[PDB]
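Engineer: Have a look at the structure that comes next, please.
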Amino acid sequence: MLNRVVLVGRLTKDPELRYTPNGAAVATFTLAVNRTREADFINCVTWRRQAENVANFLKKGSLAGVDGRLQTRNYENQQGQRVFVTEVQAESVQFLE
Amino acid sequence: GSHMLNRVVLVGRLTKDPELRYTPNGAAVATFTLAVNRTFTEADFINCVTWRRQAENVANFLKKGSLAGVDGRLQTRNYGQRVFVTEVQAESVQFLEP
Amino acid sequence: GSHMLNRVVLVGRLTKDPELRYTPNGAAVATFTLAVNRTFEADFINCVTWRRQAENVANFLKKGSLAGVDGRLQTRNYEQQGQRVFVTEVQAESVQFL
Amino acid sequence: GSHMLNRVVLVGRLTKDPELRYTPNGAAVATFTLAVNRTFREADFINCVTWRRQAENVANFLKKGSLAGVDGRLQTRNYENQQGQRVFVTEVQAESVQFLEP
DNA sequence: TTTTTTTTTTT
């Protein structure tokens, strides 16, 4: 089924890079997309080489554009309430700089 | 400063039947959840929101299990005590019925 | 050549059956034109698909079939019965059958 | 109309300076061309169109070589040239435009 | 070369 997202925002913090147990790179960051002035804070996830590149070139405030899909996943917080997360599985990231 | 790109396009089935209510300011608002299938081994559940006439059409022609595609922007709302809502503000809703 | 954002998504009906060709090296390529209605006027976009996706288009899509495409927007050069033409097509990375 | 689903998002460089004309109604119309790079022909030439205030800002802010991001629809066209052959044209109806240069 | 839900904003 069709599922496509395209965003252009500024990173709110430095991209946070980590590695899975079996070595897969995982870069995460939060784009602040200006509204059509407030903005929306969307969370994005990157994998493998695209994640390592996000780490070496993006930082707080950098302008960037993502292209991916919307994901959801259940979560149980310390307060007990079940939370719904929505992320952007960015398959491509353009550095606008 | 100025605006920034923000576009979303989904095609999924409604988990429930769309719920229509009228805003205190008089505007119509219909909500519904699309279940778009994942491309691998099973589905994501995106919250959609549409307004005014597009909302009145959704409530009349879409029900649970209906296939539909939306075209809007991704916005994060904030307000069961403190919920961080991530939803699609649907500007268009296409009915994929017979 | 650093990459840039290039995304297209459409839902339309084939103007005719998809024509299946084969690359000199043996790759499957299927083309078709989608009629994306503005109203019930329409736009007629040309789409190309490759490898397994061209196989499925050829097997599961005929004229008037509702289909969704997701891909890039690329230009192309070829010859019709004379001078060259400069077309703009949609490289369907994924095609949903409806 | 824009009833069935149809959306385009592009980011490219202007190949030529924008062209601003005015329609019978006196409304603003801006036409420009983007060079959308490939990821290993190495770029794609896409024609764009915008209207009204969105077209005024294009002619003022954007010049040849500027980096721009458009969001709109696909719209087709067919005309007969002087050679007597029916040409077919696709171009983006840029609803939204974002300026990206420094 | 074409396929088969939407309306005004009113001097």
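So you can find residues: chains in the structure tokens are A, B, ... in the order shown, residues in each start at 1, and ligands are numbered from 1 in order.
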Quick one: contact table of chain E to chain D, 12 Å max, nearest atom pair and distance in Å to one decimal per residue, counting only C-alpha atoms (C1' of nucleotides), chain and number order, as CSV?

Structural biologist:
```
residue,atom,partner,partner_atom,distance
E:1,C1',D:88,CA,10.5
E:2,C1',D:78,CA,11.8
E:5,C1',D:3,CA,8.7
E:6,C1',D:1,CA,6.6
E:7,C1',D:1,CA,11.5
```

Engineer: Using only C-alpha atoms (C1' of nucleotides), please write the residues we just selected to a file, as an mmCIF file, in the first residue's frame.

Structural biologist:
```cif
data_model
loop_
_atom_site.group_PDB
_atom_site.id
_atom_site.type_symbol
_atom_site.label_atom_id
_atom_site.label_comp_id
_atom_site.auth_asym_id
_atom_site.auth_seq_id
_atom_site.Cartn_x
_atom_site.Cartn_y
_atom_site.Cartn_z
ATOM 1 C "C1'" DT E 1 -3.703 8.312 -28.221
ATOM 2 C "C1'" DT E 2 -6.480 8.414 -24.263
ATOM 3 C "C1'" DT E 5 -17.185 13.629 -2.527
ATOM 4 C "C1'" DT E 6 -16.079 19.309 -5.503
ATOM 5 C "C1'" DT E 7 -20.739 25.308 -6.737
#
```

Engineer: Apply DSSP to the structure's backbone, then extract all residues of chain C labelled alpha helix (DSSP H) and return them as number ranges by chain.

Structural biologist: C: 51-60

Engineer: Within 12 Å of chain D, which residues of chain B show up? Give each one with its shortest atom-to-atom distance in Å (one decimal) and the two atoms involved, counting only C-alpha atoms, rows by chain then rising residue number, as a Markdown table.

Structural biologist:
```
| residue | atom | partner | partner_atom | distance |
| --- | --- | --- | --- | --- |
| B:1 | CA | D:99 | CA | 11.1 |
| B:2 | CA | D:98 | CA | 8.2 |
| B:3 | CA | D:98 | CA | 7.0 |
| B:4 | CA | D:98 | CA | 6.3 |
| B:5 | CA | D:98 | CA | 7.0 |
| B:6 | CA | D:71 | CA | 8.7 |
| B:7 | CA | D:9 | CA | 8.1 |
| B:8 | CA | D:7 | CA | 9.3 |
| B:9 | CA | D:7 | CA | 8.2 |
| B:10 | CA | D:5 | CA | 10.0 |
| B:11 | CA | D:5 | CA | 10.1 |
| B:54 | CA | D:3 | CA | 11.4 |
| B:68 | CA | D:5 | CA | 10.5 |
| B:69 | CA | D:5 | CA | 7.7 |
| B:70 | CA | D:5 | CA | 8.0 |
| B:71 | CA | D:5 | CA | 7.4 |
| B:72 | CA | D:7 | CA | 10.1 |
| B:73 | CA | D:71 | CA | 11.7 |
| B:90 | CA | D:5 | CA | 11.9 |
| B:91 | CA | D:2 | CA | 10.8 |
| B:92 | CA | D:3 | CA | 7.7 |
| B:93 | CA | D:5 | CA | 8.2 |
| B:94 | CA | D:4 | CA | 6.2 |
| B:95 | CA | D:4 | CA | 8.7 |
| B:96 | CA | D:4 | CA | 9.7 |
```

Engineer: Could you jot down the CA of residue 72 in chain C to CA of residue 43 in chain C separation for me, Å, one decimal place?

Structural biologist: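 For CA of residue 72 in chain C relative to CA of residue 43 in chain C, the distance reads 17.2 Å.
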
Engineer: Specify as a list in words all residues of chain A found within 8 Å of chain C, counting only C-alpha atoms.

Structural biologist: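 Residues satisfying the distance criterion: residues 1, 2, 65, 66, 67 and 94 of chain A.
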
Engineer: Need the shell around residue 41 in chain A: protein/DNA/RNA residues with any atom at most 7 Å away, counting only C-alpha atoms (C1' of nucleotides). Skip same-chain ones fewer than 4 positions apart. Format as a compact mmCIF listing (two decimals) with N, CA and C atoms, in the first residue's frame?

Structural biologist:
```txt
# COMPACT_ATOMS: atom_id res chain seq x y z
N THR A 30 15.26 15.15 14.90
CA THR A 30 13.92 15.74 14.96
C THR A 30 13.91 16.98 14.08
N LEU A 31 13.13 16.94 13.00
CA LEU A 31 12.98 18.09 12.12
C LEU A 31 11.88 19.00 12.65
N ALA A 32 12.18 20.30 12.71
CA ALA A 32 11.19 21.32 13.03
C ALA A 32 10.73 21.93 11.71
N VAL A 33 9.56 21.49 11.24
CA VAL A 33 9.03 21.92 9.95
C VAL A 33 8.13 23.12 10.18
N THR B 76 1.87 17.96 14.41
CA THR B 76 1.91 17.43 15.77
C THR B 76 1.07 18.34 16.66
```

Engineer: Give me every strand (DSSP E) residue in chain D, going by DSSP on the backbone, as an MDAnalysis selection string.

Structural biologist: chainID D and resid 6:14 19:22 28:37 43:51 67:80 86:99

Engineer: If I take CA of residue 42 in chain B and CA of residue 53 in chain A, how far is one from the other in Å, to one decimal?

Structural biologist: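 For CA of residue 42 in chain B relative to CA of residue 53 in chain A, the distance reads 29.1 Å.
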
Engineer: Using only C-alpha atoms, can you tell me which of B:88, B:29, B:48, B:12 comes closest to chain A?

Structural biologist: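 Counting only C-alpha atoms, the residue closest to chain A is B:12.
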
Engineer: If the cut-off is 12 Å, can you tell me the residues of chain C near chain D, counting only C-alpha atoms? I'd like them as a VMD selection string.

Structural biologist: chain C and resid 1 to 13 33 to 47 66 to 77 80 to 90

Engineer: Write out as JSON lines the residues of chain A that have any atom within 9 Å of an atom of chain D, one row each with the nearest atom pair and its distance in Å to one decimal, counting only C-alpha atoms, sorted by chain and then rising number.

Structural biologist:
```
{"residue": "A:6", "atom": "CA", "partner": "D:9", "partner_atom": "CA", "distance": 7.6}
{"residue": "A:96", "atom": "CA", "partner": "D:100", "partner_atom": "CA", "distance": 7.4}
{"residue": "A:97", "atom": "CA", "partner": "D:102", "partner_atom": "CA", "distance": 8.7}
```

Engineer: Please produce a file of the residues just selected, as a PDB file, in the first residue's frame, where the atoms kept are N, CA and C atoms.

Structural biologist:
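The resulting selection14.pdb:
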```pdb
ATOM      1  N   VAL A   6       7.427  13.423   2.616  1.00  0.00           N
ATOM      2  CA  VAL A   6       8.503  14.331   2.236  1.00  0.00           C
ATOM      3  C   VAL A   6       8.431  15.544   3.151  1.00  0.00           C
ATOM      4  N   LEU A  96      20.619  20.306   2.693  1.00  0.00           N
ATOM      5  CA  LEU A  96      20.394  21.612   2.090  1.00  0.00           C
ATOM      6  C   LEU A  96      21.413  22.641   2.554  1.00  0.00           C
ATOM      7  N   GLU A  97      21.897  22.518   3.788  1.00  0.00           N
ATOM      8  CA  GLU A  97      22.976  23.358   4.298  1.00  0.00           C
ATOM      9  C   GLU A  97      22.683  24.839   4.077  1.00  0.00           C
TER      10      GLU A  97
END
```

Engineer: Nearest residue to chain C out of B:75, B:37, B:50, B:81, using only C-alpha atoms?

Structural biologist: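 Residue with the minimum atom-to-atom distance to chain C: B:37.
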
Engineer: Which residues are near residue 69 in chain A? Cut-off 6 Å, only C-alpha atoms (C1' of nucleotides), ignore same chain within fewer than 5 positions. Put them as a list in words.

Structural biologist: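 Neighbouring residues, sequence-local ones excluded: residues 3, 4, 5, 88 and 89 of chain A.
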